[PDB]
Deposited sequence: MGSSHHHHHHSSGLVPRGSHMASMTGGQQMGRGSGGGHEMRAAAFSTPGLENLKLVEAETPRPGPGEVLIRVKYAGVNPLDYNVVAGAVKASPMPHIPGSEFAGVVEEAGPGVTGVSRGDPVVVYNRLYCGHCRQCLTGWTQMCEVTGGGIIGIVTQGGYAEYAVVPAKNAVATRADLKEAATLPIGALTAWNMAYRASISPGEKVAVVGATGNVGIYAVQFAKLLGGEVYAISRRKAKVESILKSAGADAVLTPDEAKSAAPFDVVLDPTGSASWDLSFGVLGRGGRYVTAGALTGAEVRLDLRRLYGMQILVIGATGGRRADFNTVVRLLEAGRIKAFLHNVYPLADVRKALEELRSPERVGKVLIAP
């Protein structure tokens, strides 16, 4: 059996090519999934561009996908052929200190290894994952926005300890993570201030996602202080995100694995009793929660475009586009 796939033998977007590949077969504890939709994320871009080493080489990227189970590996029970599933993207052992306390994305054994980075991912017709990573859902186009976009945002909001009344600023609120951070900050009862430079073009979308106000970076300085800043853009908005925080403010940062180094004002940190909280991925337990919330309609998938596998390079480049407002998906 042969399948279509987007693969690169050397990093660089220019080397990402449509190829024909041996359709993998699921081993013990694994399932084979017919990928229906895969997300296009800064992480996928950075994998292809070479900012993070991938395996195997040549490499099929794509760390966020949903599809239908094609074959269950020997001794696999719990999910079976025909089941629509969405895939939690971290490999985890289930027996180390981190997995047993819920932080599967910190697994000491797998290093937090990401499907589509340390294994072949979803920019292909078929992919093999662990069966325990595959979550049956009745939601697949919307579900394919969950493994990175929604789950990362949930994990940030969870780690910020937002409480009703608290002023929450979301930097990068039009990005895949930020759009779900707006939603989760509102669902936890926050007063939600969404920040984008394109406020005029995007204000309707962001309020639809739960924002109480949309602000440019310079206006947010005037709306300070905030009790929480959710900043999924890494080091990119560090200067603005730290200075708008009030007493006891929580700055939650996540990122897409690219170089990020900043200058921390210790005097302000200790004087204001601010917390700078790292977040990455999400817990395996909370992925089930995010899937159920999508099924219940309590969170929403904001889609910009769906592209065939053959347009994967243009889809990746559309992450940079000022006209893009929402998620870009690939459909093998």
| item | value |
| --- | --- |
| Missing C-alpha runs, given along the deposited sequence, first residue counted as 1 | 1-37, 177 |
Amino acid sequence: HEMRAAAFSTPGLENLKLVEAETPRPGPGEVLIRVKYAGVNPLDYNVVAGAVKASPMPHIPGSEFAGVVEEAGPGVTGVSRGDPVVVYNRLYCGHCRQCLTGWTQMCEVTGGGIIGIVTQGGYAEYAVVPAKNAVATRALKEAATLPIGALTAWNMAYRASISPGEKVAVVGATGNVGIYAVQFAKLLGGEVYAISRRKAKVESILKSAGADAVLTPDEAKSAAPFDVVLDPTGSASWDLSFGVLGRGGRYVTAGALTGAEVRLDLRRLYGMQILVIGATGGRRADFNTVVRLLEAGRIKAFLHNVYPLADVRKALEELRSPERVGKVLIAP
From here on, numbers count along this sequence of modelled residues.
| item | value |
| --- | --- |
| Between 287-295 and 23-31 (mean CA B-factor, as deposited), the higher | 23-31 |
| Stretch with the higher entry mean CA B-factor, where the candidates are 129-137 and 74-82 | 74-82 |
| Residue selected from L275, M57, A301, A38 by maximal Cα B factor | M57 |
| Top Cα B factor in the deposited entry, candidates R159, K186, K201, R90 | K201 |
| Third of chain Cα B-factors occupied by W103 | lowest |
| Ranked C-alpha temperature factor of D212 among modelled chain residues, by third | middle |
| Third of the chain, ranked by Cα B-factor, where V328 sits | lowest |
| CA B-factor placement of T152, once the chain's modelled residues are sorted into thirds | lowest |
| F226 - which third its CA temperature factor falls in, relative to the rest of the chain | middle |
